[PDB]
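Just one chain follows, in the form deposited in one PDB entry, and it is written as structure tokens.
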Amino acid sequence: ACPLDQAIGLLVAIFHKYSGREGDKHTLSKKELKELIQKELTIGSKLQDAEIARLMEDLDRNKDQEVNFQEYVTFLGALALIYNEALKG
């Protein structure tokens, strides 16, 4: 319940909010991932369909069409680095 735990908890809750909708409840399908990106991230709302499709491919490291929690965490890490760098310039 400490500050960092709560932040991490939010990240985890958002993943499952979308991953549990269809197919494997533990992975994000293209549809689930696109919705998560568009509704949960500011940059997601700025991206156009073509850009999102390519971004999702890059996130799908093992190219199995699904984004598991590990792949999602990698995405979060990248977003955090971008965030830190921006708030730095």
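Here the rigid core means the biggest group of C-alpha atoms that line up within 1.5 Å when the two forms are laid on top of each other. When you see a residue number, it is the position in the sequence shown, counting from 1.
Omitted here: the form deposited in another entry. The next part is about that form.
In this overlay on the rigid core, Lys39 has a C-alpha that sits less than 2 Å away from its partner position between the shown form and the other one. After superposing the rigid core, the C-alpha of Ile14 moves by less than 2 Å between the shown form and the other one.
Note: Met56-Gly20 Cα separation is 3 Å or more longer in that other deposited form than here. Three angstroms is the minimum change: in that other deposited form, the CA atoms of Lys30 and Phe75 sit closer than in this structure, by 3 Å or more.
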